Amino acid sequence: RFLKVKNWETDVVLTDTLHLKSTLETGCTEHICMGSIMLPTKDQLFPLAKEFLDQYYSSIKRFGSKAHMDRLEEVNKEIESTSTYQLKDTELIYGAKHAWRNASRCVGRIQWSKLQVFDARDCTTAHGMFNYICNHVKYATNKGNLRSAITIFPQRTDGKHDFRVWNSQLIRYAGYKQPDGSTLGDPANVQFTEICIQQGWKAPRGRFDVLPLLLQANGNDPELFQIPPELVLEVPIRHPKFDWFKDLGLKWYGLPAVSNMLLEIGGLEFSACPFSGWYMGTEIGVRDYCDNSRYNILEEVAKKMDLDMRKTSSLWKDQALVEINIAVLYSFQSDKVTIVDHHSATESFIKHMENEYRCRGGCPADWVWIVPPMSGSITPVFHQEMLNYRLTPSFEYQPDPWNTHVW
Amino acid sequence: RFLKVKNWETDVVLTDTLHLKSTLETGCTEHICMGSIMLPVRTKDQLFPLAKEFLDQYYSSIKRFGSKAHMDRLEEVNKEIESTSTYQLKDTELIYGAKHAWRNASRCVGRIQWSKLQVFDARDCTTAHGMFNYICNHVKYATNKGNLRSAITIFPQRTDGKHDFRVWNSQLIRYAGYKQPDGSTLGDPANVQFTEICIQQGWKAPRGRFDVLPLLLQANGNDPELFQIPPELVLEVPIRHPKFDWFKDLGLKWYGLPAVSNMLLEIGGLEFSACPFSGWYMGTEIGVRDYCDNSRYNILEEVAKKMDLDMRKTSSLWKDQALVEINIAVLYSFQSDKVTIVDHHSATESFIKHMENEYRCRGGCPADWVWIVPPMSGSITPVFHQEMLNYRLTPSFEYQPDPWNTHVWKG
Ligand code: HEM
Ligand code: HEM
Ligand SMILES: Nc1ccc2ccc(CCNCCCc3cccc(F)c3)cc2n1
Ligand SMILES: Nc1ccc2ccc(CCNCCCc3cccc(F)c3)cc2n1
Ligand SMILES: C[C@H](O)[C@H](O)[C@H]1CNc2nc(N)[nH]c(=O)c2N1
Ligand SMILES: C[C@H](O)[C@H](O)[C@H]1CNc2nc(N)[nH]c(=O)c2N1
Ligand SMILES: [Zn+2]
């Protein structure tokens with residue numbers, strides 16, 4: 001019932017009670033652990049609204065006040081009559097911040113309470129969404145001094161009128177198959193790149209072509225828009241000691257900004273809610289560059305370093321991997337674009353867990369995602385037991401819209 | 001119920017039906033996942049079902065299910081339980097058992113090898129001296145002058161829980177740790193406590209950085225006895241680096257035989273509390289964990305110093321750089337002395353092929369991702385991208401409490 005987590009490097013033991021407030025289900029049972037699976041009405045809504053409002057008013061130390069009981073009645077009335085309800089600004093801000101706070105896969109959560117929330121609930125068209133998105137991108141980029149933010153479009157009503165950003169992130173690079181049969185650019189976005197072309201985009205057909213935005217308002221068909229290049233901050237990737245590294249021709253974008261998730265607050269569903277923070281180096285250098293199914297450049301780099309690629313046991317992949325990641329961090333830091341390394345991020349998160357254990361009674365954490373994709377055991381999160389559970393408000397995945405949409 | 005796992009790099013999808021034969025519990029529920037928690041005497045009552053399930057599995061594996069020999073064995077075990085309260089395994093069922101425990105070990109990346117296990121039956125053993133003899137033979141056979149062979153030695157099973165056989169060491173070969181008055185540690189910090197127990201039982205400690213510990217062996221619930229493993233039987237490898245000549249001057253070595261001696265083997269409800277087993281090392285066990293854990297030898301700083309890396313900011317990745325070099329060294333050293341070792345790329349690739357084969361022939365392969373993924377360079381190994389289902393089959397290896405917290409001293 002009251003659960004303990006131990007750090008095996010420091011012997012620090014924390015007691016978890018926040019898990020008892022968990023509501024949603026994990027995928028696991030007493031017979032099977034699903035910890036490494038990537039994705040495991042009016043009557044329905046009031047309990048949801050109540051649970052959310054009760055936590056809001058406790059958070060502002062007004063649990064059981066006239067103000068609390070009055071709001072519970074006001075939303076109860078609004079549901080009974082309208083079948084949905086509207087969040088107050090203050091509740092919206094709190095909800096969004098708490099969706100990040102409860103994101104068990106996110107190592108960056110020490111920052112959860114500095115999140116700039118942009119209320120785009122008055123938006124009605126794709127051109128509108130475009131305008132809101134450009135303002136978000138420019139505000140968050142802050143000329144390389146990056147600031148966290150979320151922009152919240154209108155909530156689902158009857159699911160026939162959804163707002164969606166079809167892009168998986170606001171800024172991503174294009175991918176094209178070839179008659180060759182190999183792949184130019186980013187192979188993860190091949191299908192989305194086709195949908196854009198198939199919608200009308202004129203692809204330059206390069207390695208690092210910033211994709212166009214595809215925005216859907218009110219369940220209408222979505223529309224293309226180019227983000228002004230001047231708003232897309234990019235970093236050329238060089239190495240502090242390998243001169244030839246610059247000649248590989250690599251760059252990445254400064255602003256990580258996920259746009260295909262659904263934000264759930266007090267039972268209400270916000271299907272378009274792009275948010276952004278800043279990169280941990282490994283996301284670009286380990287995953288983007290070195291995944292077999294991504295830019296997959298390890299082979300090409302190890303060659304330039306003249307390492308022995310005859311045997312896996314020379315650890316030539318490993319050697320190359322480190323150098324790529326030293327380069328990513330170096331380039332960003334040199335150009336003054338915020339980035340965090342995996343050592344500093346994981347250390348922060350250990351302190352965040354401490355803070356949340358004492359102030360909140362726990363911190364849901366998914367170990368499989370929190371431990372970085374390189375050098376796991378030399379980061380302190382490797383040795384830290386974590387309990388994973390689902391709290392609300394939350395971010396959730398949702399199906400890619402082209403499987404759902406009705407044209 | 002059929003359950004799919006997807007490899008996200010290859011798009012290979014596999015279907016698990018084997019999870020249906022799982023009886024024991026995970027620690028998890030529908031509301032909490034305990035997948036990163038390190039650790040989440042029987043009556044006639046609970047024993048014949050466990051026996052029967054074990055023998056239905058054994059008899060299916062040999063294609064004799066429902067034969068007269070299957071039924072007669074069931075009847076014979078039943079009578080022996082209700083007459084004597086326990087029962088004895090046949091040699092063949094013991095071999096099958098020990099192998100399936102390995103095969104079912106969800107945290108083991110080296111399971112491709114499960115069916116090549118040399119089983120030594122030590123169930124006639126009665127004294128600590130007899131245990132020492134058995135363990136020596138295990139170590140010489142397994143070592144095989146550097147061409148390592150997998151093996152397990154099985155001492156008598158638990159009876160009333162008051163006559164247990166235990167190996168007090170956590171591995172058959174492991175180095176001392178000594179806490180100094182100034183708070184520093186000499187040798188391996190992981191073994192301080194155990195080193196302290198040996199001292200007190202009368203071991204005269206050389207007190208160096210790499211002193212092979214003595215065996216502390218308990219037979220028949222008796223007080224443990226100290227033995228020294230003959231040094232000529234302890235194969236060791238000095239660590240050097242193929243390019244950095246100063247690496248040898250760090251003074252490092254390691255032993256070649258990894259041999260876990262503190263787990264409990266369960267087969268058809270029987271509990272073997274002393275069942276030391278051994279394979280060979282994956283390089284990262286020594287290079288990443290044994291040398292570079294902060295709570296272990298912790299040589300990262302000294303290695304980075306000698307490489308004159310930039311140690312003023314973690315963003316130089318000086319730690320990551322030092323770690324790869326140390327691991328290269330470990331692998332070069334073992335290979336140069338012709339001692340079996342496997343790198344993490346080779347081992348994880350093998351495992352993915354094992355896992356696939358197991359889904360085809362067995363209908364599943366339980367696997368613990370937190371443990372299967374190597375502790376360096378995770379995402380450039382294919383296991384990182386592999387979805388896995390973790391569940392508990394029997395026979396199985398299990399943890400047990402350290403014997404010094406439970407033993408009743410005789411004096
Ligand atoms: C401020 C800097 C931030 C850092 C360094 C950071 C770091 C990370 C990292 C490394 C991951 C794993 C991503 C992957 O491997 O695909 C992650 C996942 C996640 N982060 Fe954060 N994050 C940050 C800000 C945010 C903010 C502002 C939000 C929300 C407001 C957020 C919500 C999430 C969610 C929902 C996931 C997992 C989504 C999924 O399950 O696919 N992150 N983050
Ligand atoms: C033949 C070469 C072998 C290799 C390379 C291999 C590799 C590994 C590695 C890397 C781990 C995780 C170790 C750690 O990080 O602490 C492991 C765990 C395990 N292995 Fe294997 N193994 C091998 C043979 C065996 C044998 C012969 C047995 C039993 C007969 C076995 C049973 C297990 C068990 C029970 C664990 C989990 C221990 C725990 O939960 O603490 N291994 N093995
Ligand atoms: N630096 C940051 C900041 C915020 C982030 C917020 C979210 C994310 C992760 C976005 N990942 C979604 C894609 C993961 C996925 C899941 C299932 C299947 C699949 F193909 C891909 C990364 C972040 N990085
Ligand atoms: N190369 C091999 C072969 C067989 C192996 C068999 C088992 C093992 C792991 C042995 N570790 C036992 C203790 C793990 C543990 C659990 C809880 C707390 C703790 F500090 C350590 C490693 C192996 N390596
Ligand atoms: C199969 C496994 O769940 C999958 O590869 C996961 C593992 N851990 C991860 N961890 C992070 N941070 N990001 C990811 O995409 C993944 N992918
Ligand atoms: C807390 C966490 O589960 C623990 O540190 C685990 C993580 N994964 C591991 N994986 C292996 N192979 N060996 C280990 O000791 C550990 N330690
Ligand atoms: Zn689980």
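All values below were derived from every heavy atom in this structure, side-chain atoms included, with hydrogens, water molecules and symmetry-related copies excluded. By convention in this document, chain letters (A, B, ...) are assigned in the order of the sequence lines, proteins followed by strands, and residues within each chain are numbered from 1.
The environment of CD in B/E301 is sparse: at most 12 heavy-atom neighbours from other residues, nucleotides or ligands sit within 6.0 Å. Under a cut-off of 6.0 angstrom, the local environment of NZ in A/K311 is crowded, with over 12 non-hydrogen atoms contributed by other residues, nucleotides or ligands. No more than 12 heavy atoms of other residues, nucleotides or ligands shown are found within 6.0 angstrom of CG on A/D306. Heavy atoms from other residues, nucleotides or ligands lying under 6.0 Å from CG of B/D124 number more than 12. Around atom NZ of B/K306, more than 12 heavy atoms belonging to other residues, nucleotides or ligands sit under 6.0 Å away. Taking a 6.0 Å sphere around NZ of A/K317, one finds it holds 12 or fewer heavy atoms contributed by other residues, nucleotides or ligands.
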- side-chain contact (heavy atoms from CB on, under 4.5 Å) assessment of B/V330 paired with B/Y291: CA-CA 10 Å; B/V330 163; B/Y291 288 155; 3.9 Å; yes
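A donor-acceptor pair shorter than 3.5 Å cannot be found between the side chains of B/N104 and B/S396. Looking only at atom types and distance, the side chain of A/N7 has a donor-acceptor partner in the side chain of A/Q384 under 3.5 Å away. Side chains of B/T92 and B/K90: a donor-acceptor N/O pair is absent below 3.5 angstrom, by distance only. For the 3.5 Å distance criterion, the side chains of A/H342 and A/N325 fail to qualify, holding no donor opposite an acceptor. B/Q321 and A/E323 share a donor-acceptor pair across their side chains, judged by distance under 3.5 Å alone.
No donor-acceptor distance shorter than 3.5 angstrom exists from the side chain of B/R289 to the backbone of B/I286, with no hydrogens or angles considered. No donor-acceptor pair closer than 3.5 Å links the side chain of B/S377 to the backbone N or O of A/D318.
With respect to the salt-bridge test (charged N to carboxylate O, under 4.0 angstrom), the residues B/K248 and B/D245 qualify. The pair A/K6-A/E385 does not count as a salt bridge, with every side-chain nitrogen at least 4.0 angstrom from each carboxylate oxygen. For the pair B/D164 and B/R166, the salt-bridge criterion is not met [side-chain N within less than 4.0 Å of a carboxylate O]. Using a cut-off of 4.0 Å between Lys/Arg side-chain N and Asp/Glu carboxylate O, B/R240 and B/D337 are scored as salt-bridged. Note on B/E266 versus B/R158: no salt bridge recorded, every NZ/NE/NH1/NH2 to OD/OE distance being 4.0 Å or above. Under the 4.0 Å criterion applied to side-chain N and carboxylate O atoms, B/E358 and B/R103 are assigned as salt-bridge partners. A salt bridge between B/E349 and B/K353 is present, with a side-chain N of the basic residue lying under 4.0 Å from a carboxylate O of the acidic one.
Between B/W409 and B/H407, the ring centre distance stays below 6.0 Å. Two rings, from B/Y297 and B/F210, have their centers less than 6.0 Å apart. Annotation: B/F272 is not in aromatic contact with B/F165 [ring centroid separation under 6.0 Å not met]. Aromatic ring centres of B/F384 and B/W369 lie closer together than 6.0 Å. Taking the centre of each ring, B/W254 and B/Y175 come in below the 6.0 Å mark. Checked against a 6.0 Å centroid threshold, the rings of B/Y96 and B/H100 count as neighbours.
Closest approach of B/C292 and B/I326 over heavy atoms only: SG-CD1, 3.6 Å.
A cation-pi arrangement is absent between B/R123 and B/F155, since the terminal nitrogen or guanidinium carbon is not both under 6.0 Å from the aromatic centre and inside a 45° cone about the axis.
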